[PDB]
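A.B. asks: fold the following for me, if possible:
(2 chains, ligands or ions: 4)
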Amino acid sequence: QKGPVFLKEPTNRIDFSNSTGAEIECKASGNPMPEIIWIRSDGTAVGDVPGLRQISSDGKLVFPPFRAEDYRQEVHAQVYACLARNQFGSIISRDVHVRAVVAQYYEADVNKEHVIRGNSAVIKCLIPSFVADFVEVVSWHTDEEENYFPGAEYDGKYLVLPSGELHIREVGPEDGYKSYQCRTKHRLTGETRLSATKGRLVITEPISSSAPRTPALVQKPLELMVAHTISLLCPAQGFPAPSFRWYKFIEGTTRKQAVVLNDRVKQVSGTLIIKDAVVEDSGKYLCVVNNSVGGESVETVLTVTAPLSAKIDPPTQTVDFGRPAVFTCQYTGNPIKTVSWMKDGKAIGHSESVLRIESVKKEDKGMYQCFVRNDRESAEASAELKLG
Amino acid sequence: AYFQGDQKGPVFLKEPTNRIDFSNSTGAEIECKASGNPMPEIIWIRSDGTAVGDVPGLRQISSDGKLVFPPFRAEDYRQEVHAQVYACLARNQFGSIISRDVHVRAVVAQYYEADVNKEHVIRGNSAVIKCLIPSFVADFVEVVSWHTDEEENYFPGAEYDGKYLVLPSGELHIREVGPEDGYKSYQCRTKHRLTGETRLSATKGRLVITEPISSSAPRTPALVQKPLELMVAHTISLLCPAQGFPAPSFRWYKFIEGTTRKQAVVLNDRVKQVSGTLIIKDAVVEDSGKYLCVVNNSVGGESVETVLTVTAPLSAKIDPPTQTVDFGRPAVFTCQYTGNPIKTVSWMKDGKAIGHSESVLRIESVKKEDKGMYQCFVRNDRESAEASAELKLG
Ligand SMILES: *[C@@H]1O[C@H](CO)[C@@H](O[C@@H]2O[C@H](CO)[C@@H](O)[C@H](O)[C@H]2NC(C)=O)[C@H](O)[C@H]1NC(C)=O
Ligand SMILES: *[C@@H]1O[C@H](CO)[C@@H](O[C@@H]2O[C@H](CO)[C@@H](O)[C@H](O)[C@H]2NC(C)=O)[C@H](O)[C@H]1NC(C)=O
Ligand SMILES: *[C@@H]1O[C@H](CO)[C@@H](O[C@@H]2O[C@H](CO)[C@@H](O)[C@H](O)[C@H]2NC(C)=O)[C@H](O)[C@H]1NC(C)=O
Ligand SMILES: *[C@@]1(*)O[C@H](CO)[C@@H](O[C@@H]2O[C@H](CO)[C@@H](O)[C@H](O)[C@H]2NC(C)=O)[C@H](O)[C@H]1NC(C)=O
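C.D. replies: Numbers count the residues shown, from 1 in each chain, chains lettered A, B, ... in the order given. Ligands and ions are numbered 1, 2, ... in the order given. This is the structure:
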């Protein structure tokens, strides 16, 4: 006899268009071979909604394409999980957050950017918050028919930044005779679109000096996957045109250290570009900006995320009554907000990485699971307790 | 050739203020006035320590503590005169004292324009139309009113038709946006505090309403409000921008200082909530803290932390005024400061820094050279305050 074990866990987030639908597969092994059950993560096994959700063979949670008119929050905006069960015990998979999106019109805008002659400028493509999870910038274009793409800086002046903005170096009066528009792509429909307004730089020739001034609204804490490229903006306008330096606070201290620039880590004006993120790049960054009148600064936190995995030591044990049983969950990833245990699909209230039963009983036989979580993600491991 | 009484060190009777901001057409008078026996000399220094020269037409030191910045032509701006922190230095035979810093900022009258763009919102949600003012005039310009193409006019104060509110921060708040709400275009009126000029936005904004089919948990934006410094006694509005379908609800908490624990904000007379916006009237220092907006809906939710500091004017005071001490007996000065934040304390003796940052100063054993004036300086980011005291030999 062997308890269930997942062979294929459903992914964590599945987002899809109503025209595309969604197959989600859950595969499990055991001896006897286990039954698969889908549940809402309110605990309840899920029904079939003809046309909308059909549990199939032998995973297998299918969402067929549907009409706007048949959208249903209860089915289509939902967190699910997979439950594999046999005589020996049950295991739950991680959560599967299901988001079906009815394909709808939107439009990105580019507005006027005001800047002091000689400063760098950042033109932003405005995307409404309710498509921003799905829409991203593919390219920039001007009325003079030039086209800018992510990659390298053009003519020492134009760079399309990782976060999709257009960065322009050393803005002069001649730069006001240009109008900019972005191209956006929606990842669920694959549709692309030119922005519905276009923006211009309005340049001031200043007479007075002015210390550097940064905006009221600042980038909130970023979460970036390992091996990805990151750009941190340091918006500032000053006269004379300022200098910019970046730091990282030593983690949990009030001290900071200059960022070192190389191959991998580059600074374009005041923008820090970090290629190939490793978890160690996480931290609290400070941009200090300066000219002969004075200085200002803004902070920006970054977490470099790494995918969770867990494994319990040992994968199985046979323990006498009422001797102790000990399970140790080992995991990998960044960040780890919590560790949680289950027994035959239910919670046990125990959030330390090591589980100890002091003296085993009849009812302790079954499957145990460690779940590790951070706010975008989860990983489970399972283990088997038998009675001597 | 002459004075009576014991010599008394100098002491400021009129301290110059901290920031004077002024247009090129107005100019600036800054007055420093001090006391002592005998009767002290007044010298203006730049805040690298050097005593300042006259620049005819620009900077003239006058009778009888007065630094004067006459009205001047654009062509005549000199950053060295016009963008500068000064101090007042007052001296007599007995000793010397330096005033708190005096940040001087002359600003040449220049054209700017505000803008108001398209705002995209889910029907049924609230919306916040913003007046985009250019960073480099934003210290001097702010919103005075909102106006519509159907000729309606909204002022700071009270809600209109329970629907439109001009937030104390200048944004126009609108409740429960409906499709009919897309046939309105909005402009801001802004006022420049140094020229007193008023203008309307160069561009007008509109609402673009999405009639959504799929549900969406609440979504907050990438860029969020950085830490805010509000003067005591002022009104404050904190925003929680979020769009969601259904229409989400909003709740405000405040963290217990230096813990991970929050408490619900208690809404009443003086603290109110419009949709997701928190309004704090008549701010006290105690209102300072880390605040958290939770936002919700049957699909899931989100949140935005914002830090508020309510600031209070800094003032310092030494105990005593003056003491006489025999040689090899210790002397003791204690600074009593009020205000919010204090970031730092420091000390000087006869205009020079002594490198000592604790509220109470102690000379272990008084020598000949220790006679004279001693000063505490208490500063934050935006402000400074000084105190003085007189040490005599017995
Ligand atoms: C999913 O929803 C979309 C949007 O409601 C449907 O697409 C519409 O299809 C009609 C023709 O069938 C077009 O004329 C419209 O242009 C589409 N609307 C928009 C705004 O995109 C789509 O067919 C639905 N998918 C299904 C039923 O499989
Ligand atoms: C560049 O600008 C910054 C102003 O933000 C200066 O850094 C500050 O320096 C003062 C002391 O002179 C400190 O008390 C502040 O805390 C500093 N801010 C921080 C934490 O960066 C800096 O002095 C300027 N560069 C120079 C040396 O001219
Ligand atoms: C301060 O500078 C402003 C701008 O240069 C001056 O105002 C201008 O005055 C000229 C004539 O003197 C006019 O043609 C402009 O239309 C004005 N423009 C602005 C921007 O107001 C002002 O006179 C200066 N202060 C002085 C000379 O005392
Ligand atoms: C609409 O969204 C918000 C997002 O927070 C949800 O509120 C969460 O409330 C539960 C209460 O037990 C907490 O576990 C969460 O921690 C809250 N927020 C977070 C991320 O910490 C809520 O799920 C949504 N709908 C409602 C009202 O239930």
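
A.B. asks: give the helix, strand or coil label for the residue of the stretch 151-300 of chain A at minimum distance from ligand 1.
C.D. replies: Ranked by Cβ to the nearest ligand atom, the top residue of the stretch 151-300 of chain A for proximity to ligand 1 is residue A:189, at 8.4 Å. In short, each C-beta sits where N, CA and C put it, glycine included. Secondary structure for residue A:189, judged by DSSP: H, G, I helix; E, B strand; the rest coil, is coil.

A.B. asks: check contacts around it.
C.D. replies: A:17, A:19, A:103 (Cβ atoms under 8 Å, 6 or more residues apart in numbering or on different chains).

A.B. asks: quick one: it and residue B:135, what's the gap?
C.D. replies: 37 Å (Cβ to Cβ, to the nearest Å).

A.B. asks: got it, and residue A:49?
C.D. replies: Counting by Cβ to Cβ - residue A:49 and residue B:135 are separated by 52 Å.

A.B. asks: anything in stretch A:118-136 near chain B?
C.D. replies: Yes - using Cβ under 8 Å from any Cβ of the partner chain, a contact is recorded between stretch A:118-136 and chain B, made by A:126, A:128, A:129, A:130, A:132, A:133.

A.B. asks: OK, contacts around residue A:305?
C.D. replies: Residue A:305 touches A:223, A:224, A:225, A:226, A:279, A:333, A:334, A:335, A:374, A:376, A:377, counting by Cβ under 8 Å, 6+ apart.

A.B. asks: same deal with residue A:312?
C.D. replies: Contacts here follow Cβ under 8 Å, 6+ apart; on that basis residue A:312 touches A:327, A:328, A:329, A:330, A:368, A:369, A:370, A:381, A:382, A:383.

A.B. asks: could you do residue A:360 as well?
C.D. replies: Counting by Cβ under 8 Å, 6+ apart, the residues that residue A:360 touches are A:319, A:320, A:321, A:322, A:323, A:324, A:325, A:385, A:387.

A.B. asks: also residue A:35?
C.D. replies: A:84, A:85, A:86.

A.B. asks: give me the element the residue in the stretch 251-388 of chain A that chain B sits nearest to is part of.
C.D. replies: Nearest residue of the stretch 251-388 of chain A to chain B: residue A:293, at 4.9 Å (Cβ to the nearest Cβ). For residue A:293, there is no host helix or strand (DSSP states H and E).

A.B. asks: with only the CA atoms kept, save stretch A:187-202 in CSV.
C.D. replies: C-alpha atoms of stretch A:187-202 as CSV (Å, rounded to 0.1, in the frame of the first residue of the first chain):
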residue,chain,number,x,y,z
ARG,A,187,-1.2,38.7,-23.4
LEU,A,188,-4.6,37.0,-23.2
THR,A,189,-6.0,38.0,-26.6
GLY,A,190,-2.7,38.6,-28.3
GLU,A,191,-4.1,41.9,-29.7
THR,A,192,-1.9,44.9,-30.1
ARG,A,193,-2.8,48.5,-30.4
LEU,A,194,-1.3,52.0,-30.9
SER,A,195,-2.0,54.4,-28.0
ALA,A,196,-5.1,56.6,-28.5
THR,A,197,-3.4,59.9,-27.6
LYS,A,198,0.1,60.9,-28.3
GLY,A,199,2.4,62.9,-26.0
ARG,A,200,5.0,65.7,-26.3
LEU,A,201,7.8,67.1,-24.1
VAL,A,202,7.1,70.7,-23.1
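
A.B. asks: from the chain's centroid, how far away is it?
C.D. replies: Computed by Cα atoms, centre = their mean, to the nearest Å, the separation of stretch A:187-202 from the middle of its chain amounts to 23 Å.

A.B. asks: can you tell me the SS state at the residue lying closest to the residue of the stretch 251-388 of chain A closest to chain B once chain neighbours are set aside?
C.D. replies: Counting by Cβ to Cβ, 6 or more residues apart in numbering or on different chains, residue A:293 lies nearest to residue A:211, which is 4.2 Å off, once chain neighbours are set aside. Under three-state DSSP, the three-state class of residue A:211 is strand.

A.B. asks: quick one, phi psi at residue A:174?
C.D. replies: For residue A:174, the backbone dihedrals (degrees, to the nearest 10) come out as phi -70, psi -20.

A.B. asks: walk me through which strands the lengthiest strand in chain A pairs with, and which way each runs.
C.D. replies: Longest strand of chain A, by residue count under DSSP state E: strand A:295-313. Applying DSSP bridges to the sheet, strand A:295-313 is found paired with strand A:222-225 (parallel), strand A:283-290 (antiparallel), strand A:325-334 (antiparallel).

A.B. asks: then it to PDB, C-alphas only?
C.D. replies: In PDB, the C-alpha atoms belonging to strand A:295-313 read as follows (Å, rounded to 0.1, in the frame of the first residue of the first chain):
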ATOM      1  CA  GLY A 295      19.700  67.400  -3.100                       C
ATOM      2  CA  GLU A 296      16.800  65.100  -2.800                       C
ATOM      3  CA  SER A 297      16.200  61.300  -2.600                       C
ATOM      4  CA  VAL A 298      13.700  58.400  -3.000                       C
ATOM      5  CA  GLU A 299      13.700  54.900  -1.700                       C
ATOM      6  CA  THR A 300      12.500  51.800  -3.600                       C
ATOM      7  CA  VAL A 301      12.400  48.200  -2.200                       C
ATOM      8  CA  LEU A 302      13.000  45.200  -4.600                       C
ATOM      9  CA  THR A 303      12.500  41.500  -3.900                       C
ATOM     10  CA  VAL A 304      14.000  39.100  -6.300                       C
ATOM     11  CA  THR A 305      11.700  36.100  -6.200                       C
ATOM     12  CA  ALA A 306      12.800  32.400  -6.600                       C
ATOM     13  CA  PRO A 307      10.400  29.500  -7.100                       C
ATOM     14  CA  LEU A 308       9.400  27.600  -4.000                       C
ATOM     15  CA  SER A 309       9.900  23.800  -3.600                       C
ATOM     16  CA  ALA A 310       9.400  21.600  -0.600                       C
ATOM     17  CA  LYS A 311      10.400  17.900   0.200                       C
ATOM     18  CA  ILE A 312       9.600  16.300   3.600                       C
ATOM     19  CA  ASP A 313      12.100  14.100   5.500                       C
END
